[PDB]
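Just one chain follows, in the form deposited in one PDB entry, and it is written as structure tokens.
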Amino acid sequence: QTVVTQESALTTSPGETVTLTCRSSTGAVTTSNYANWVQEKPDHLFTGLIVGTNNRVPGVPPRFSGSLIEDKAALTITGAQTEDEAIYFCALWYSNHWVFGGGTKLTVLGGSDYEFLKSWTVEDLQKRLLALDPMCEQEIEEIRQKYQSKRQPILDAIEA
């Protein structure tokens, strides 16, 4: 019954400000909803961004900020970077349970040619490079388990 609604998708350009919003079916979002914002990137990699309306999680870039605007919770990214392209979910607390919104897919234009990476520091590029192999191994292991599931009833039939 209680529904949290977010924009399904929106697009910005690198370096611009963008705002994502989070509406409650009960009326105005207030601080009593302890609004959270979290980011999902591949492969189902979730980071917490904001909790309690406006408290930025330690280590999140300061360009992310949370607020209440009119009757909604809002995430503002002041100077969106190409790597901020991701799905953003808000969650609201309703007395005795958390409810998530449906997520907003944020597109940031211009990164298909990967030229943005040429501006990064060596340390940040090395970190991105080193994270790739474990992510790829996780994706492959999930394929292997998808096929173990498909094999299971066949093996059970063989073994009956």
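Numbering starts at 1 and runs along the sequence shown.
Unshown form deposited in another entry; subsequent notes refer to it.
Look at the two-part rigid motion between this form and the one not shown: residue 109 goes along with residue 49.
Inter-residue distance, residue 14 to residue 135 (Cα): increased by at least 3 Å in that other deposited form versus the depicted form. Expansion of the residue 61-residue 134 CA spacing by 3 Å or more is recorded in that other deposited form, set against this form.
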